[PDB]
Amino acid sequence: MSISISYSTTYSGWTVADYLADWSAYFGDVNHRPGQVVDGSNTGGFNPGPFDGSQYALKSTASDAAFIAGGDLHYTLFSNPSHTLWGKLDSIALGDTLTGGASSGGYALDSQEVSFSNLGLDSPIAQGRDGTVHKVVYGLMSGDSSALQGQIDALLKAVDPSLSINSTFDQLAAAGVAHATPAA
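The residue numbers shown here are sequential, starting from 1 for each chain in the order of its written sequence. They can differ from the numbering used in the entry, and residues that have no coordinates are not displayed. To obtain the side-chain values, all non-hydrogen atoms of the structure were used and water was disregarded.

Method information in the entry identifies X-ray crystallography as the source of the structure, with 1.4600 Å recorded as the resolution.

Under the PDB entry, the name given to the protein chain is Heme acquisition protein HasAp, and the source organism is Pseudomonas aeruginosa.

Pasting the structure below:
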């Protein structure tokens with residue numbers, strides 16, 4: 001159904017924008033860039049794979065911060081248009097301590113802080129790295145959550161014009177969009 005948000009009560013009073021800007025700055029720019037993509041270090045991984053998955057997950061190299069992108073995702077790797085993540089992006093989960101993978105019961109976060117589901121985003125292969133899905137996820141890899149913020153802002157304003165990326169998680173909970181969980 002519509003955009004749904006889970007959040008630890010640690011962040012009840014934070015705006016979605018302030019939370020995301022802060023999380024991104026922490027996670028940092030992993031430098032998944034030309035000549036700097038290094039296997040076992042900053043590539044991330046797909047479940048079930050190979051370069052497609054219901055999940056793409058990546059841990060920060062500077063901390064235990066990690067994200068899991070979920071949906072029906074495809075990555076072109078070296079083939080035309082190269083290094084494009086496209087397909088359906090349904091969810092983004094943010095937190096610390098990535099566990100699991102393709103051999104396990106999928107990727108998970110030991111400490112999930114915030115998750116966004118029913119994002120409703122699709123991008124065609126045809127846009128390459130100009131596609132919205134690509135920009136959303138690559139943004140989170142490069143320490144810049146602007147693209148994700150823009151998508152969430154649009155979804156929230158469609159729910160109600162008083163709601164935006166600059167609304168707090170508690171405000172979104174009263175409006176039935178978000179749901180709190182104790183910090184664990």
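Turning to the nonpolar core, a few remarks are in order. Among the nonpolar cores identified, the biggest contains 41 residues, and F67, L89, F116 and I152 are the most heavily contacted of them. Residues grouped as a nonpolar core are buried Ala, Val, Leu, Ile, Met, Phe, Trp, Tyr and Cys residues, joined through side-chain atoms within 4.5 Å. Each residue is assigned to one of three classes by its accessible area relative to the maximum for its type, calculated with a 1.4 Å probe on protein chains only: buried under 20%, partly exposed between the two thresholds, exposed over 50%. Ranked by size, the runner-up nonpolar core spans 6 residues in total, among them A66, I68, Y107 and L109.

What follows covers the packing of aromatic side chains. Whether two aromatic rings pair depends on their centres lying within 6.5 Å, for rings of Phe, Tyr and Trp, where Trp uses its six-membered ring; planes under 30 degrees apart make the pair stacked, over 60 edge-to-face, and the rest tilted. Taken as a whole, this structure holds 11 aromatic pairs when the rule is applied. Between the aromatic rings of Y11 and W14, the centroid separation amounts to 6.2 Å while the plane-to-plane angle is 75 degrees, which identifies the pairing as edge-to-face. Relative accessible area serves as the criterion here: at 14%, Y11 is assigned to the buried category. Summarising the aromatic geometry, the rings of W23 and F67 are spaced 6.4 Å apart at their centres and angled 75 degrees between planes, so their arrangement reads as edge-to-face. Of the two residues, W23 sits in helix α1 (residues 16-27) while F67 sits in strand β4 (residues 65-75), which places them 44 residues apart along the sequence. The exposure classification of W23 matches that of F67, with both residues buried. Where helices and strands are cited, they refer to DSSP runs of H or I of at least four residues and of E of at least two residues respectively, numbered from the N terminus.

A separate point is unusual backbone geometry. Note that the residue after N47, namely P48, is joined by a cis bond; omega there is 5 degrees. Structurally, the position occupied by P48 is in strand β2 (residues 45-48). Phi is positive for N31, close to 60 degrees, though the residue is something other than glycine. Relative to the elements of secondary structure, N31 occurs in the loop between α1 and β2. With a phi close to 55 degrees, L77 is a non-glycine residue in the positive phi region. Mapping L77 onto the fold places it in the loop between β4 and β5 (85-101).

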